[PDB]
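Heads up: the sequence shown at position 145 corresponds to 176 in PDB author numbering, and the numbers run straight through without jumps.
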Amino acid sequence: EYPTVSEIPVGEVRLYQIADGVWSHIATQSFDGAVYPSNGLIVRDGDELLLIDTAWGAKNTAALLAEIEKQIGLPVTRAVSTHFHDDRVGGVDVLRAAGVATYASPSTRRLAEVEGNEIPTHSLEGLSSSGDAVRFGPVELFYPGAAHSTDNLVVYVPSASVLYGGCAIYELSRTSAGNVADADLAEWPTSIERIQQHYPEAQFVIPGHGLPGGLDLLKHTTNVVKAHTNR
Ligand SMILES: O=C(O)c1ccc(-c2ccccc2)cc1CS
Ligand SMILES: [Zn+2]
Ligand SMILES: [Zn+2]
Ligand SMILES: [Zn+2]
């Protein structure tokens with residue numbers, strides 16, 4: 032039932048209800064010949080919505096907001112980007128223009144600026160050291176340490192036991208390392224271990240790209256990362 036890349040044309044966005052008050056949003060983007068899916072999160076925040084990550088581009092994120100308005104009808108008041116790549120900050124300018132307060136760690140904002148990517152307006156304090164966690168409305172933000180990128184954050188929804196791993200966590204079907212140009216391969220396994228130690232009760236695990244699953248996705252990602260390390 033989870034939407035796949037074959038069922039979403041580039042420019043469209045699907046919402047998928049994980050639990051009460053928690054959705055993922057799925058978009059697709061063309062890159063280097065192929066088409067890839069990408070996940071973000073939507074968490075109900077009383078009568079407001081917290082958005083986790085853009086839909087990978089200005090056009091996709093405009094469609095994301097229209098699809099949220101259509102299906103959910105509650106306002107997106109804040110957005111958190113979980114690292115500096117375009118599938119997380121691409122569309123921040125659209126969000127800002129729509130009145131959404133955009134957020135990221137100073138680490139993410141710095142690396143976005145260096146890359147020439149869009150830059151969330153607000154800075155999330157208290158996430159500079161591995162193992163740091165802060166509350167942000169209905170979720171907890173956690174910095175496990177460098178992994179897919181030096182700045183990657185994970186998000187936990189305690190009310191629903193939903194762990195959003197972002198692109199530090201791979202889906203089961205992916206057996207080869209993907210975009211690791213900005214990764215810390217040496218620290219990635221240790222960072223995953225911090226996630227496991229902090230959220231052992233998670234019942235749903237959302238990867239940055241592809242099908243959700245359970246906590247198995249963490250060990251799977253470690254396996255793939257170590258295999259690539261010994262390439
Ligand atoms: O922003 C980028 O450069 C980027 C490009 C490609 C992917 C990708 C590749 C294969 C399968 C799923 C996703 C991801 C990212 C940002 S993490
Ligand atoms: Zn990335
Ligand atoms: Zn503001
Ligand atoms: Zn990604």
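All residues carry an ideal CB built from backbone N, CA and C; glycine is no exception.
Check, Outcome
"Contained beta strand (DSSP E) runs [length at least 3] in the stretch 140-179, N- to C-terminal order", "163-167 and 170-174"
"Any non-hydrogen atom of ligand 2 within 7 Å of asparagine 210 CB", "yes"
"Sheet register partners of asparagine 70 (DSSP bridge)", "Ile57"
"Residue from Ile73, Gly104, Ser69 and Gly168 with nearest C-alpha to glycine 121", "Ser69"
"Cβ distance (whole Å) where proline 189 is taken to contact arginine 225 below 8 Å", "At roughly 17 Å, the Cβ-Cβ gap does not stay under 8 Å, so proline 189 and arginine 225 are not in contact."
"Check: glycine 239 C-beta below 7 Å from any heavy atom of ligand 1", "yes"
"Close Cβ partners of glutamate 232 (< 7 Å) along its chain, the five nearest in sequence each way excluded", "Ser192"
"Buried versus exposed, by CB contacts within 10 Å (16 or more), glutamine 48", "exposed"
"Paired residues, beta bridge with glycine 197 - DSSP", "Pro238"
"Own chain, CB closer than 7 Å to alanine 214, minus 5 neighbours either side, in chain order", "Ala178, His179 and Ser180"
"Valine 131 versus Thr139, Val170, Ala143 and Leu80, residue with shortest Cα-Cα distance", "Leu80"
"Contact under 8 Å by Cβ, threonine 133 with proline 106", "no"
"Residues sharing a beta bridge with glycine 244, DSSP", "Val236"
"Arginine 119 burial status per 10 Å Cβ neighbour count (16 or more: buried)", "buried"
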